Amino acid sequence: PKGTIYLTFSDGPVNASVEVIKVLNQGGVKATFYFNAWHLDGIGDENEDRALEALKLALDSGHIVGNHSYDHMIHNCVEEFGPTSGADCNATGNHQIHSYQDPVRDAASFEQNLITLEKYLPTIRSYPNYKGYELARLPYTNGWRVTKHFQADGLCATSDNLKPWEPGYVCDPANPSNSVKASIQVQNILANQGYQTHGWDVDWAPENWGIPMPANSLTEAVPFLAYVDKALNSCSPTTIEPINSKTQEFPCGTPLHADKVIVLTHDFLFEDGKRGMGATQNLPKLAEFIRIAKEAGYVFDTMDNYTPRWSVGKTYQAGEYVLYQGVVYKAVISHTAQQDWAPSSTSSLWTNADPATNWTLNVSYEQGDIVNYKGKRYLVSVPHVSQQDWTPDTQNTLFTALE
């Protein structure tokens, strides 16, 4: 294949989600949906009476569901969060101002999302394609927690005053806004809960969101495919416009990202209504795009496979990454996987390479790494592979406490 495309839809489930799902199904592909459950509560200020129907249809159809937080951080856009807050923030347009504030509260929003999903669909955990507790994406933010060495933030994603399309707006990646700094902490809290987070390469959207009637300004299928072609293997998160969609320190050429393109779009752009004629104009674009992307030799996949699943009978080179039971592992030596050689916290063939900061078993630590353990922070003084008896609090050779 020329490469792998990951279609990711954000900010559902809403009414328009239903027809998007039908189009994917007709096109013979699976996508990943990053949902905000407040639409199930009827308070997300969209046409969303069919929210639960959409949720069920996505899972019944085999699409992957991931976590985009409960309320899309709207609680940071208003003084007091309530049933009208979505409408209030829509009135002001202040979604990317002060978007992140208290990182502990903001991270908790991702757990609340799961509570609400499991309330409206009590059987949701009986679906393997429900990945709401493993896969996440932060509102507004092109940020990544993929492996121990594949992590990077969207350093201009959100603002402390002006919107990115407003005159006089300035971002200094070397000195991120307060909101961005909080978003980085959220990333880290989620990673320690076992989440991976992923951003995107290309966004099927208007030029920017200051743009009026945005649903009417989506790129056509063929030029969008051209844009995808340009993204492939060109470190798109660093070159993408506008500036608040950038991931500045994205690890260019990192092997896990080779021959892949992650597409962001939004369910609500496929609705005929207050944003334009989305369903009439954009659903056929999505249909056509899938078609011509396959002809060009692309295949489509989901974010639960972005990091490839460990597979018996596959030959791995040393340093290759696999995903196993929601945890990332890195091959210690080149070898062919056997049934009883699976990655684990004691495997000789793999080390845990999750993007977390809490001290963890079977991790190859490097000098300078900082770990959290029993409420304290330790510097790795001597590079080593962690094991159960070498805990930071009692191994003075390996770890030095800060500070």
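Numbers for residues come from their place in the sequence shown, where the first is 1.
**Student:** Out of 193 to 201 and 245 to 253, which stretch has the higher average CA B-factor listed in the record?
**Tutor:** According to the entry, 245 to 253 carries the higher average C-alpha B-factor.
**Student:** Please work out which of 16 to 24 and 375 to 383 has the higher mean CA B-factor as recorded in the PDB entry.
**Tutor:** That would be 375 to 383.
**Student:** Go through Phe150, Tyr227, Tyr316, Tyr298 one by one and give the residue whose Cα B-factor in the PDB entry is largest.
**Tutor:** By C-alpha B-factor in the record, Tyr316 ranks first.
**Student:** Which one of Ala174, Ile290, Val263, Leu138 shows the biggest C-alpha B-factor in the PDB entry?
**Tutor:** The C-alpha B-factor peaks, among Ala174, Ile290, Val263, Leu138, at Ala174.
**Student:** Going by the entry, which third of its chain does the Cα temperature factor of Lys30 land in?
**Tutor:** As the PDB entry reports it, the C-alpha B-factor of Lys30 lands in the middle third of its chain.
**Student:** What third of its chain, lowest, middle or highest, does the C-alpha temperature factor of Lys119 fall into?
**Tutor:** It belongs to the lowest third of the chain when residues are ordered by C-alpha B-factor.
**Student:** Please place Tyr169 in the lowest, middle or highest third of its chain according to the CA B-factor in the PDB entry.
**Tutor:** Highest third, going by the recorded CA B-factors of the chain.
**Student:** Using only modelled residues of the chain, where does the Cα B factor of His68 rank: lowest third, middle third or highest third?
**Tutor:** Lowest third - that is where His68 ends up once the chain's C-alpha B-factors are sorted.
**Student:** By its CA B factor, does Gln112 count among the lowest, middle or highest third of the modelled residues in the chain?
**Tutor:** Tercile = lowest for this residue's CA B-factor.
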